[PDB]
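Below is one structure; the comments refer to it alone.
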Amino acid sequence: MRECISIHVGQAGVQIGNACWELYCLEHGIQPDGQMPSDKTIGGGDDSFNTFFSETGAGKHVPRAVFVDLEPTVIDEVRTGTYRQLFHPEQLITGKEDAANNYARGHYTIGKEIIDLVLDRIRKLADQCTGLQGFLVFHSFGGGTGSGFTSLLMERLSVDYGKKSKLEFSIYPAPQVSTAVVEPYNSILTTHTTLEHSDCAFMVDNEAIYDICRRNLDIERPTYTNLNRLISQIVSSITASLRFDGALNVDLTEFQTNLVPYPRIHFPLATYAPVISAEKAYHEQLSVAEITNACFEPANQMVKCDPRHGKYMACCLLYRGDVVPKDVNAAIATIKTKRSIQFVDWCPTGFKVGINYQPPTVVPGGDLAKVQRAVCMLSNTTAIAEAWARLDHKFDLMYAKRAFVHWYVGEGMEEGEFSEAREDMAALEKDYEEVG
Amino acid sequence: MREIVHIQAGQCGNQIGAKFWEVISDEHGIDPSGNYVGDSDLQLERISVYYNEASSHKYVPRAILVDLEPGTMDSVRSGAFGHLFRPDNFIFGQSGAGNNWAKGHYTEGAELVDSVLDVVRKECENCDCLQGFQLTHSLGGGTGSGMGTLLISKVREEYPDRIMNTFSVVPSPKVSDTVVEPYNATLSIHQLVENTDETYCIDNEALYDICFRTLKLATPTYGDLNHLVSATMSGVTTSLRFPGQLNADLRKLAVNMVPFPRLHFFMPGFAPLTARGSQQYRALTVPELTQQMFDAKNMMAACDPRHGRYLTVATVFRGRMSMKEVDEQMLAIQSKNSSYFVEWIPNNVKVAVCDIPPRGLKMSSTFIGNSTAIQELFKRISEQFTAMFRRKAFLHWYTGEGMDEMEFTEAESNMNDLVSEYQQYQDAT
Ligand SMILES: COc1ccc(C[C@@H]2NC(=O)/C=C\C[C@@H]([C@H](C)[C@H]3O[C@@H]3c3ccccc3)OC(=O)[C@H](CC(C)C)OC(=O)[C@H](C)CNC2=O)cc1Cl
Ligand SMILES: Nc1nc2c(ncn2[C@@H]2O[C@H](COP(=O)(O)OP(=O)(O)OP(=O)(O)O)[C@@H](O)[C@H]2O)c(=O)[nH]1
Ligand SMILES: Nc1nc2c(ncn2[C@@H]2O[C@H](COP(=O)(O)OP(=O)(O)O)[C@@H](O)[C@H]2O)c(=O)[nH]1
């Protein structure tokens with residue numbers, strides 16, 4: 001009974017959106033034509049499922065969300081596809097020319113041209129809402145129409161709705177799928193003006209996710225329809241508390257407050273150890289305990305880092321059906337082994353556990369299948385310093401000789417802000433190495 | 001995506017453009033009169049980049065045939081694909097343009113660049129989105145370095161926003177009819193470098209060297225050389241004609257490949273070295289191909305990759321072959337000799353694969369590189385020109401047409417500045 005807003009920026013933000021929203025709709029059984037067995041045929045709903053859908057005179061439950069993309073490719077496919085019909089008509093916006101791997105075009109030449117139409121759509125659609133907790137945004141680092149449009153859009157939104165929130169689900173650069181090498185410049189050049197408005201972010205490192213899909217999903221070509229299905233499952237798990245119905249981690253405010261140790265440092269790691277091979281029939285059997293028994297290993301996390309070499313802040317979870325909280329507290333006893341766990345002196349610790357009773361509903365025939373149970377660790381661990389450190393290393397190496405600088409300099413922003421942003425992230429990593 | 005304008009001038013660009021267009025139109029497979037010959041829709045998904053619909057939903061390209069020797073019209077119409085070009089872009093001067101600047105660079109044809117600009121504008125208007133310009137010519141003699149560079153000046157004056165690509169042809173003592181070339185060369189770069197975006201040093205020297213040493217042709221005429229060039233440039237275009245992971249685009253190609261706003265002298269190469277043979281012959285396999293990518297014989301410019309560090313590396317692959325193994329090979333090449341890839345930029349190499357095989361062979365690769373190594377070509381031009389200029393020669397021609405000598409001196413200074421800059425950028429860490 002608490003609405004929200006979703007948004008998808010770039011061709012990477014729209015792809016994730018597409019691979020996720022089928023999971024959302026099928027999860028409730030919402031087909032393009034389905035009757036949604038819990039309705040009233042006019043606005044019937046207001047359970048947690050409808051907290052993201054607005055119903056027309058047809059009881060259509062059209063998503064309160066937009067897809068944004070200046071270069072038209074994936075969006076055109078959405079238009080041909082049934083998904084656009086499911087979506088609110090004309091909500092989506094189609095562009096004409098991307099910035100193409102240069103933050104400034106989406107921040108100083110191209111993004112500003114249509115950013116007003118974007119925010120106009122935002123306002124008009126938003127005033128249809130009453131109980132919005134905040135913003136759920138999808139983007140990543142690559143170009144100015146996928147990283148800069150986000151920065152500008154956050155600026156405008158944070159101005160417009162001082163009370164509201166915004167959660168970030170961003171995709172981290174990886175050398176393995178390099179479609180540029182300006183990308184680290186993009187990432188820094190955004191995050192240096194994102195913390196000031198964002199309050200809670202999520203980075204899913206495709207590098208690690210690639211490592212997952214290559215090894216343990218038995219797909220040997222990482223197509224932008226493999227990683228995306230897996231990552232879309234990640235999104236369904238994390239959104240599960242809010243999205244399905246009442247449990248722990250009710251609110252986005254609740255996310256912040258149970259993961260923020262400090263307003264600046266809002267980078268929570270996400271964890272999802274329980275996985276399956278494929279539509280393959282049978283491999284073994286697995287219960288609720290063993291899965292968190294194996295949720296410790298450093299190679300079962302969405303971002304490469306050693307959680308054993310750091311301390312946590314708070315750790316929520318979710319579980320799917322098949323309730324047995326007694327064995328959950330038994331797992332709590334088991335995890336005292338401390339061989340990969342350690343906490344902070346002044347702050348009280350909570351392994352908050354909430355339950356939801358739905359087995360994992362998924363796509364008909366994807367690279368994954370039915371299982372009985374799972375659990376996802378949301379640790380805002382200080383260990384994420386490793387990723388920022390590596391990215392700084394790469395950044396300094398490329399910036400020692402003013403690489404590509406003109407490809408930004410002549411595009412409407414000066415050079416020196418590179419240095420101040422670099423020292424900004426230097427302050428942030430200082431804050432990590434201090435905490436503890 | 002958007003639309004691009006194709007420009008061909010001189011003789012190499014006029015004839016060489018004809019053969020290139022032949023190759024691409026055949027592989028994309030549309031009838032000479034425009035009947036749909038393509039056998040899969042993926043062919044026609046992007047073909048709007050370089051072909052436009054006629055009044056009856058029928059492809060007509062968007063290209064501009066410019067020259068000043070009147071004989072080019074008949075020589076082009078006498079090729080296989082010579083008819084299909086638009087019968088209004090054959091703008092030709094009739095008084096001949098013997099290989100001397102400032103007759104076309106300054107004296108005449110400056111009258112005609114207004115006409116070519118008018119026609120290119122009225123052409124691009126119907127282009128729903130304009131993406132840039134495709135200019136092919138040869139850095140040799142008058143036309144191809146005269147009208148072409150003036151046209152670059154004009155288009156950069158009128159269309160700053162879009163990008164500009166050049167396919168450049170460098171003559172050399174082996175196959176060189178005329179004599180005044182080095183003068184023309186340096187005169188041309190001294191405008192190119194300050195008025196272009198990225199380049200294609202399609203060397204004749206090493207390319208003849210291939211045709212004569214290993215490809216074993218003792219009589220390489222304008223037949224064979226256009227063969228190789230049409231193959232190479234068509235391959236360069238395929239990354240664009242197809243969809244792909246590295247869907248590199250003009251602006252994107254630049255920004256991924258151009259480290260500093262000057263040093264954009266690319267070094268295209270080709271791994272399956274070929275004749276105009278009726279047979280593909282040589283089976284070529286990918287582990288071998290990756291090794292072949294850097295082969296000195298393979299390259300289309302006069303340089304040693306081993307003696308050079310690459311500023312950026314781009315690769316394109318073709319055919320039905322395993323994607324994973326290629327990546328494995330690429331990681332392997334990077335590891336053995338770290339120095340060949342520059343320390344400044346990590347992970348410079350970018351790899352994509354294209355579904356359709358090149359028409360003729362089974363599986364190959366199309367190199368697009370940029371090392372500091374490109375400096376060897378510019379050093380040969382430097383040496384040759386400065387030798388011919390230490391004492392005067394023919395200088396009355398250019399001077400009496402309205403040139404001077406300070407322009408020559410400033411051009412040579414510009415050149416040696418460029419080569420010094422390359423040398424410096426290949427010695428940092
Ligand atoms: C990072 O490290 C940690 C972080 C958090 C925790 C405990 C963690 N957090 C707090 O900071 C507790 C209290 C203060 C307050 C904060 C400081 C101000 O917003 C408050 C507010 C004001 C008006 C209305 C609603 C809320 O939050 C809350 O009221 C929310 C309840 C709502 C958001 C579901 O919090 C919870 O109780 C929910 C059920 C989740 N959990 C917690 O019990 C432990 C550690 Cl170690
Ligand atoms: N969907 C998707 N995108 C990915 C994946 N891995 C990387 N990407 C990113 O996808 C991005 C492409 O979208 P953008 O970043 O918006 O690209 P752009 O050049 O700014 O603009 P467009 O190409 O028009 O979207 C690149 O930055 C890649 O880094 C993946 O697994 N899925
Ligand atoms: N026609 C032609 N010329 C080439 C080719 N490759 C190199 N060249 C050289 O390019 C120069 C021709 O210059 P050209 O464009 O004819 O000058 P113009 O007389 O002003 O048109 C000569 O030095 C040729 O040796 C090629 O494939 N075709």
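Ordering of the structure tokens sets the chain letters (A, B, ...); residue numbers start at 1 within each chain; ligands are numbered from 1 in the order shown.
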Filtered DSSP result for segment 35-240 of chain B, state helix (DSSP H, G or I), as an MDAnalysis selection string:
chainID B and resid 41:44 47:49 72:77 103:107 110:125 147:158 181:195 205:213 222:240
Taking C-alpha atoms for each residue, export the selection above as a PDB file, in the first residue's frame.
```pdb
ATOM      1  CA  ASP B  41      17.144  -9.206 -43.324  1.00  0.00           C
ATOM      2  CA  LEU B  42      20.176  -8.635 -41.085  1.00  0.00           C
ATOM      3  CA  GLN B  43      21.880  -7.476 -44.271  1.00  0.00           C
ATOM      4  CA  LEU B  44      19.417  -4.612 -44.736  1.00  0.00           C
ATOM      5  CA  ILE B  47      22.424  -0.758 -45.065  1.00  0.00           C
ATOM      6  CA  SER B  48      20.708   2.624 -44.897  1.00  0.00           C
ATOM      7  CA  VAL B  49      24.087   3.911 -43.682  1.00  0.00           C
ATOM      8  CA  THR B  72      37.318  10.003 -64.852  1.00  0.00           C
ATOM      9  CA  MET B  73      33.630   9.914 -65.819  1.00  0.00           C
ATOM     10  CA  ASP B  74      34.160   7.335 -68.556  1.00  0.00           C
ATOM     11  CA  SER B  75      36.734   5.326 -66.605  1.00  0.00           C
ATOM     12  CA  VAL B  76      34.274   5.012 -63.726  1.00  0.00           C
ATOM     13  CA  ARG B  77      31.313   4.142 -65.951  1.00  0.00           C
ATOM     14  CA  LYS B 103      45.731  25.685 -59.576  1.00  0.00           C
ATOM     15  CA  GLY B 104      42.946  23.754 -57.904  1.00  0.00           C
ATOM     16  CA  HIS B 105      44.012  24.542 -54.352  1.00  0.00           C
ATOM     17  CA  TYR B 106      43.823  28.267 -55.059  1.00  0.00           C
ATOM     18  CA  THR B 107      43.346  29.275 -58.686  1.00  0.00           C
ATOM     19  CA  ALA B 110      37.759  27.201 -55.538  1.00  0.00           C
ATOM     20  CA  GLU B 111      35.065  28.393 -57.919  1.00  0.00           C
ATOM     21  CA  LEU B 112      33.649  24.856 -57.945  1.00  0.00           C
ATOM     22  CA  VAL B 113      33.813  23.971 -54.256  1.00  0.00           C
ATOM     23  CA  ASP B 114      30.778  26.199 -53.882  1.00  0.00           C
ATOM     24  CA  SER B 115      28.968  23.910 -56.312  1.00  0.00           C
ATOM     25  CA  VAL B 116      30.108  20.732 -54.558  1.00  0.00           C
ATOM     26  CA  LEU B 117      29.104  22.191 -51.194  1.00  0.00           C
ATOM     27  CA  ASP B 118      25.685  23.120 -52.578  1.00  0.00           C
ATOM     28  CA  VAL B 119      25.106  19.646 -53.960  1.00  0.00           C
ATOM     29  CA  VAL B 120      26.315  17.904 -50.805  1.00  0.00           C
ATOM     30  CA  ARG B 121      24.058  20.111 -48.689  1.00  0.00           C
ATOM     31  CA  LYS B 122      20.983  19.442 -50.830  1.00  0.00           C
ATOM     32  CA  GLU B 123      21.942  15.759 -50.707  1.00  0.00           C
ATOM     33  CA  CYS B 124      22.211  15.612 -46.927  1.00  0.00           C
ATOM     34  CA  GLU B 125      18.985  17.544 -46.304  1.00  0.00           C
ATOM     35  CA  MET B 147      40.306  19.950 -53.897  1.00  0.00           C
ATOM     36  CA  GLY B 148      39.961  17.379 -51.161  1.00  0.00           C
ATOM     37  CA  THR B 149      41.716  19.398 -48.504  1.00  0.00           C
ATOM     38  CA  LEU B 150      39.901  22.571 -49.510  1.00  0.00           C
ATOM     39  CA  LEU B 151      36.649  20.638 -49.282  1.00  0.00           C
ATOM     40  CA  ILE B 152      37.667  19.537 -45.786  1.00  0.00           C
ATOM     41  CA  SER B 153      38.221  23.168 -44.878  1.00  0.00           C
ATOM     42  CA  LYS B 154      34.754  24.051 -46.132  1.00  0.00           C
ATOM     43  CA  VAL B 155      32.913  21.153 -44.508  1.00  0.00           C
ATOM     44  CA  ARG B 156      34.610  21.701 -41.154  1.00  0.00           C
ATOM     45  CA  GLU B 157      33.593  25.338 -41.518  1.00  0.00           C
ATOM     46  CA  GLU B 158      29.963  24.390 -42.145  1.00  0.00           C
ATOM     47  CA  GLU B 181      54.999  14.180 -54.571  1.00  0.00           C
ATOM     48  CA  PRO B 182      56.800  14.912 -51.264  1.00  0.00           C
ATOM     49  CA  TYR B 183      56.055  18.567 -51.779  1.00  0.00           C
ATOM     50  CA  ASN B 184      52.379  17.719 -52.170  1.00  0.00           C
ATOM     51  CA  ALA B 185      52.429  15.318 -49.227  1.00  0.00           C
ATOM     52  CA  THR B 186      53.795  17.734 -46.663  1.00  0.00           C
ATOM     53  CA  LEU B 187      51.617  20.470 -48.095  1.00  0.00           C
ATOM     54  CA  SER B 188      48.682  18.165 -47.487  1.00  0.00           C
ATOM     55  CA  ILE B 189      49.364  16.923 -43.968  1.00  0.00           C
ATOM     56  CA  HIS B 190      49.962  20.477 -42.831  1.00  0.00           C
ATOM     57  CA  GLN B 191      46.249  20.986 -43.372  1.00  0.00           C
ATOM     58  CA  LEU B 192      45.042  17.470 -42.617  1.00  0.00           C
ATOM     59  CA  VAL B 193      46.429  17.251 -39.091  1.00  0.00           C
ATOM     60  CA  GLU B 194      44.891  20.549 -38.068  1.00  0.00           C
ATOM     61  CA  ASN B 195      41.625  19.890 -39.870  1.00  0.00           C
ATOM     62  CA  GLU B 205      54.981   1.458 -50.470  1.00  0.00           C
ATOM     63  CA  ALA B 206      54.538  -1.563 -48.239  1.00  0.00           C
ATOM     64  CA  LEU B 207      51.452  -2.559 -50.203  1.00  0.00           C
ATOM     65  CA  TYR B 208      53.413  -2.835 -53.424  1.00  0.00           C
ATOM     66  CA  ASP B 209      56.074  -4.462 -51.251  1.00  0.00           C
ATOM     67  CA  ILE B 210      53.545  -7.164 -50.431  1.00  0.00           C
ATOM     68  CA  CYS B 211      52.362  -7.491 -54.019  1.00  0.00           C
ATOM     69  CA  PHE B 212      55.965  -7.983 -55.174  1.00  0.00           C
ATOM     70  CA  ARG B 213      57.789  -9.876 -52.425  1.00  0.00           C
ATOM     71  CA  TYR B 222      46.252  -0.419 -60.701  1.00  0.00           C
ATOM     72  CA  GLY B 223      44.381  -3.697 -60.901  1.00  0.00           C
ATOM     73  CA  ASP B 224      45.859  -5.533 -57.918  1.00  0.00           C
ATOM     74  CA  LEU B 225      46.272  -2.567 -55.643  1.00  0.00           C
ATOM     75  CA  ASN B 226      42.609  -1.591 -55.793  1.00  0.00           C
ATOM     76  CA  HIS B 227      41.836  -5.246 -55.034  1.00  0.00           C
ATOM     77  CA  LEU B 228      43.689  -5.086 -51.739  1.00  0.00           C
ATOM     78  CA  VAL B 229      42.361  -1.660 -50.809  1.00  0.00           C
ATOM     79  CA  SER B 230      38.719  -2.456 -51.518  1.00  0.00           C
ATOM     80  CA  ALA B 231      39.117  -5.551 -49.361  1.00  0.00           C
ATOM     81  CA  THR B 232      40.722  -3.620 -46.493  1.00  0.00           C
ATOM     82  CA  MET B 233      38.349  -0.641 -46.399  1.00  0.00           C
ATOM     83  CA  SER B 234      35.275  -2.853 -46.832  1.00  0.00           C
ATOM     84  CA  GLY B 235      36.501  -4.783 -43.813  1.00  0.00           C
ATOM     85  CA  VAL B 236      36.983  -1.522 -41.929  1.00  0.00           C
ATOM     86  CA  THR B 237      33.389  -0.618 -42.764  1.00  0.00           C
ATOM     87  CA  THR B 238      31.910  -3.983 -41.667  1.00  0.00           C
ATOM     88  CA  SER B 239      32.188  -3.200 -37.953  1.00  0.00           C
ATOM     89  CA  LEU B 240      29.615  -0.566 -38.929  1.00  0.00           C
TER      90      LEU B 240
END
```
For segment 97-100 of chain A, work out the shell of residues within 10 Å, counting only C-alpha atoms and skipping chain neighbours fewer than 6 positions away, then give it as a VMD selection string.
(chain A and resid 10 69 to 72 106 to 111 142 to 146 148 to 149 180) or (chain B and resid 1 to 2 129 131 248 to 253 255 to 256)
Export N, CA and C atoms of the chosen residues as a CSV table (one decimal), in the first residue's frame?
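So selection.csv came out as:
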```csv
chain,number,residue,atom,x,y,z
A,10,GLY,N,19.5,4.7,-20.4
A,10,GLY,CA,20.5,4.1,-21.3
A,10,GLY,C,20.0,2.8,-21.9
A,69,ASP,N,16.4,6.5,-23.5
A,69,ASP,CA,17.5,6.1,-24.4
A,69,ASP,C,17.6,7.0,-25.6
A,70,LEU,N,18.6,7.9,-25.6
A,70,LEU,CA,18.8,8.8,-26.8
A,70,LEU,C,19.2,8.1,-28.1
A,71,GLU,N,20.0,7.0,-28.1
A,71,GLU,CA,20.2,6.3,-29.3
A,71,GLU,C,19.1,5.2,-29.3
A,72,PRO,N,18.3,5.1,-30.4
A,72,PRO,CA,17.2,4.2,-30.3
A,72,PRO,C,17.6,2.8,-30.8
A,106,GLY,N,26.2,13.9,-22.6
A,106,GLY,CA,24.9,13.8,-21.9
A,106,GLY,C,24.8,14.8,-20.7
A,107,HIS,N,25.9,15.6,-20.5
A,107,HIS,CA,25.8,16.5,-19.4
A,107,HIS,C,26.0,18.0,-19.8
A,108,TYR,N,26.4,18.2,-21.1
A,108,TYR,CA,26.6,19.6,-21.5
A,108,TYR,C,26.2,19.8,-23.0
A,109,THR,N,26.0,18.8,-23.8
A,109,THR,CA,25.4,19.1,-25.1
A,109,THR,C,24.1,18.4,-25.4
A,110,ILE,N,24.0,17.1,-25.1
A,110,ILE,CA,22.8,16.3,-25.5
A,110,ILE,C,21.8,16.1,-24.4
A,111,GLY,N,22.3,15.7,-23.2
A,111,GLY,CA,21.3,15.4,-22.2
A,111,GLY,C,20.4,16.6,-21.8
A,142,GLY,N,29.5,4.3,-18.6
A,142,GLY,CA,29.9,4.0,-20.0
A,142,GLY,C,29.9,5.3,-20.9
A,143,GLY,N,28.7,6.0,-21.0
A,143,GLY,CA,28.6,7.2,-21.8
A,143,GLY,C,28.0,8.3,-21.0
A,144,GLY,N,27.8,9.5,-21.7
A,144,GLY,CA,27.2,10.7,-21.1
A,144,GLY,C,25.7,10.6,-21.1
A,145,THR,N,25.1,9.6,-21.9
A,145,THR,CA,23.7,9.4,-22.0
A,145,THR,C,23.2,8.2,-21.1
A,146,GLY,N,24.2,7.7,-20.4
A,146,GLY,CA,24.0,6.5,-19.5
A,146,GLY,C,24.5,6.7,-18.1
A,148,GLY,N,25.8,10.4,-17.4
A,148,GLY,CA,25.6,11.8,-17.3
A,148,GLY,C,24.2,12.2,-17.2
A,149,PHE,N,23.3,11.6,-18.0
A,149,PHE,CA,21.9,11.8,-17.9
A,149,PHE,C,21.4,11.5,-16.5
A,180,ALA,N,34.5,0.6,-24.3
A,180,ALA,CA,35.2,1.9,-24.4
A,180,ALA,C,36.4,1.7,-23.4
B,1,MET,N,21.2,3.8,-38.0
B,1,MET,CA,21.5,5.1,-37.4
B,1,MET,C,21.3,6.3,-38.3
B,2,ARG,N,22.2,7.2,-38.3
B,2,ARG,CA,22.1,8.4,-39.1
B,2,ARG,C,22.7,8.1,-40.5
B,129,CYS,N,19.0,12.0,-40.2
B,129,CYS,CA,20.0,12.4,-39.3
B,129,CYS,C,21.3,12.3,-40.1
B,131,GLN,N,25.4,12.0,-40.1
B,131,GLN,CA,26.3,11.4,-39.1
B,131,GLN,C,27.8,11.9,-39.4
B,248,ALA,N,31.2,0.0,-32.6
B,248,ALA,CA,31.9,1.2,-32.7
B,248,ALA,C,31.3,2.1,-33.8
B,249,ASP,N,31.1,3.4,-33.5
B,249,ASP,CA,30.6,4.3,-34.4
B,249,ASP,C,31.6,5.5,-34.5
B,250,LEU,N,31.4,6.3,-35.6
B,250,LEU,CA,32.3,7.3,-35.9
B,250,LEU,C,32.8,8.0,-34.7
B,251,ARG,N,31.9,8.7,-34.0
B,251,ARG,CA,32.3,9.4,-32.8
B,251,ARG,C,32.9,8.4,-31.8
B,252,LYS,N,32.2,7.3,-31.6
B,252,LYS,CA,32.8,6.3,-30.7
B,252,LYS,C,34.1,5.8,-31.1
B,253,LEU,N,34.2,5.5,-32.4
B,253,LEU,CA,35.5,5.0,-32.9
B,253,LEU,C,36.6,6.0,-32.5
B,255,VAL,N,36.7,8.3,-30.1
B,255,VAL,CA,36.9,8.6,-28.7
B,255,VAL,C,37.5,7.3,-28.1
B,256,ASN,N,37.3,6.2,-28.6
B,256,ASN,CA,38.0,5.0,-28.1
B,256,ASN,C,39.4,4.9,-28.6
```
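In chain A, the set of residues within 7 Å of chain B (atoms considered: only C-alpha atoms) is residues 100, 101, 175, 178, 179, 180, 181, 221, 397, 398, 403, 404, 406 and 407 of chain A.
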At a cut-off of 12 Å, using only C-alpha atoms, what residues contact segment 389-394 of chain A? Leave out same-chain residues fewer than 4 positions from it and give the result as JSON, numbers by chain.
{"A": [172, 173, 174, 175, 181, 182, 183, 184, 185, 186, 187, 188, 304, 305, 383, 384, 385, 398, 399, 400, 418, 419, 421, 422, 423, 424, 425, 426, 427, 428, 429, 430, 432, 433], "B": [343, 344, 345, 346, 347]}
Residues of the last selection are to be written out with C-alpha atoms, as a PDB file, in the first residue's frame.
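For reference, again-v9.pdb as written:
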```pdb
ATOM      1  CA  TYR A 172      30.267  -1.430 -12.414  1.00  0.00           C
ATOM      2  CA  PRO A 173      32.867  -1.406 -15.201  1.00  0.00           C
ATOM      3  CA  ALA A 174      34.754  -4.527 -16.179  1.00  0.00           C
ATOM      4  CA  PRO A 175      37.671  -5.040 -18.567  1.00  0.00           C
ATOM      5  CA  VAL A 181      38.130   2.836 -22.152  1.00  0.00           C
ATOM      6  CA  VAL A 182      36.768   6.250 -21.171  1.00  0.00           C
ATOM      7  CA  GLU A 183      34.522   4.248 -18.852  1.00  0.00           C
ATOM      8  CA  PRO A 184      36.483   4.761 -15.601  1.00  0.00           C
ATOM      9  CA  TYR A 185      36.470   8.450 -16.373  1.00  0.00           C
ATOM     10  CA  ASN A 186      32.710   8.222 -16.692  1.00  0.00           C
ATOM     11  CA  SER A 187      32.289   6.358 -13.412  1.00  0.00           C
ATOM     12  CA  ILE A 188      34.367   8.797 -11.393  1.00  0.00           C
ATOM     13  CA  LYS A 304      34.965  -8.725  -6.033  1.00  0.00           C
ATOM     14  CA  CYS A 305      36.237  -8.170  -2.485  1.00  0.00           C
ATOM     15  CA  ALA A 383      35.478  -4.099   2.127  1.00  0.00           C
ATOM     16  CA  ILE A 384      34.098  -2.429  -1.033  1.00  0.00           C
ATOM     17  CA  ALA A 385      37.198  -0.235  -0.679  1.00  0.00           C
ATOM     18  CA  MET A 398      45.290   6.694 -17.546  1.00  0.00           C
ATOM     19  CA  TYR A 399      45.342  10.253 -16.200  1.00  0.00           C
ATOM     20  CA  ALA A 400      49.108  10.546 -15.752  1.00  0.00           C
ATOM     21  CA  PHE A 418      39.348  15.749 -12.583  1.00  0.00           C
ATOM     22  CA  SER A 419      41.759  16.479  -9.742  1.00  0.00           C
ATOM     23  CA  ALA A 421      36.950  14.525  -8.006  1.00  0.00           C
ATOM     24  CA  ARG A 422      39.985  12.266  -7.641  1.00  0.00           C
ATOM     25  CA  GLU A 423      40.713  13.749  -4.234  1.00  0.00           C
ATOM     26  CA  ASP A 424      37.014  13.418  -3.413  1.00  0.00           C
ATOM     27  CA  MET A 425      37.125   9.677  -3.926  1.00  0.00           C
ATOM     28  CA  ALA A 426      40.438   9.758  -2.086  1.00  0.00           C
ATOM     29  CA  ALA A 427      38.548  11.176   0.880  1.00  0.00           C
ATOM     30  CA  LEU A 428      35.952   8.431   0.526  1.00  0.00           C
ATOM     31  CA  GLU A 429      38.553   5.667   0.562  1.00  0.00           C
ATOM     32  CA  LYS A 430      40.211   7.386   3.517  1.00  0.00           C
ATOM     33  CA  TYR A 432      36.841   3.363   4.557  1.00  0.00           C
ATOM     34  CA  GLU A 433      40.351   2.685   5.790  1.00  0.00           C
TER      35      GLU A 433
ATOM     36  CA  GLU B 343      51.490   1.233 -20.520  1.00  0.00           C
ATOM     37  CA  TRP B 344      49.461   4.454 -20.439  1.00  0.00           C
ATOM     38  CA  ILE B 345      46.224   2.791 -21.534  1.00  0.00           C
ATOM     39  CA  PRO B 346      45.177  -0.505 -19.931  1.00  0.00           C
ATOM     40  CA  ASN B 347      43.097  -2.987 -21.962  1.00  0.00           C
TER      41      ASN B 347
END
```
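Among A:324, A:23, A:234, A:353, the residue with the shortest atom-to-atom distance to ligand 1, counting only C-alpha atoms and all ligand atoms, is A:353.
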Picked from segment 114-303 of chain B by DSSP as strand (DSSP E), as a ChimeraX atom specification
/B:130-136,163-170,199-203,265-266,269-270
Neighbours of residue 271 of chain B within 10 Å (only C-alpha atoms; same-chain residues fewer than 3 positions away dropped), as an MDAnalysis selection string?
chainID B and resid 232 274 284 288:295 297:299 364:367
Could you pull the residues within 12 Å of residue 362 of chain B, counting only C-alpha atoms, minus those fewer than 5 positions along the same chain, as an mmCIF file with C-alpha atoms, in the first residue's frame?
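Once written, around.cif looks like this:
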```cif
data_model
loop_
_atom_site.group_PDB
_atom_site.id
_atom_site.type_symbol
_atom_site.label_atom_id
_atom_site.label_comp_id
_atom_site.auth_asym_id
_atom_site.auth_seq_id
_atom_site.Cartn_x
_atom_site.Cartn_y
_atom_site.Cartn_z
ATOM 1 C CA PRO B 272 44.646 -13.169 -45.023
ATOM 2 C CA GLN B 279 40.519 -19.420 -55.371
ATOM 3 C CA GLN B 280 40.501 -18.703 -51.635
ATOM 4 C CA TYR B 281 43.275 -21.278 -51.325
ATOM 5 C CA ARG B 282 45.004 -20.727 -48.002
ATOM 6 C CA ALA B 283 42.814 -22.057 -45.222
ATOM 7 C CA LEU B 284 43.241 -19.577 -42.405
ATOM 8 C CA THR B 285 42.569 -20.468 -38.792
ATOM 9 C CA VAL B 286 42.053 -18.220 -35.780
ATOM 10 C CA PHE B 317 36.541 -10.678 -36.813
ATOM 11 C CA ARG B 318 34.441 -12.507 -39.373
ATOM 12 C CA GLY B 319 32.666 -15.806 -40.022
ATOM 13 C CA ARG B 320 31.366 -18.758 -38.047
ATOM 14 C CA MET B 321 34.048 -19.598 -35.535
ATOM 15 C CA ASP B 355 28.424 -13.160 -38.568
ATOM 16 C CA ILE B 356 28.906 -13.040 -42.327
ATOM 17 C CA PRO B 357 32.196 -14.288 -43.821
#
```
Neighbour list for residue 267 of chain B as a count of residues only, cut-off 6 Å, only C-alpha atoms, skip fewer than 2 positions in-chain:
4
Could you give me the residues within 10 Å of ligand 1, counting only C-alpha atoms and all ligand atoms, as a PyMOL selection string?
chain A and resi 248-262+265-266+312-316+343-352+379-381
For ligand 3, list the contacting residues at 7 Å or closer, counting only C-alpha atoms and all ligand atoms, as a ChimeraX atom specification.
/B:9-13,15-16,67,69,97-99,137-138,140-144,169-171,175-178,204,222,225-226
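Atom CA of residue 277 of chain B to atom CA of residue 329 of chain B spans 29.4 Å [interatomic distance, one decimal].
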So that I can see what lies close to residue 14 of chain A, please list as a ChimeraX atom specification the residues with an atom at most 9 Å from it, counting only C-alpha atoms and leaving out residues fewer than 2 positions away in the same chain.
/A:7-12,16-19,66-69,74-75,138-139
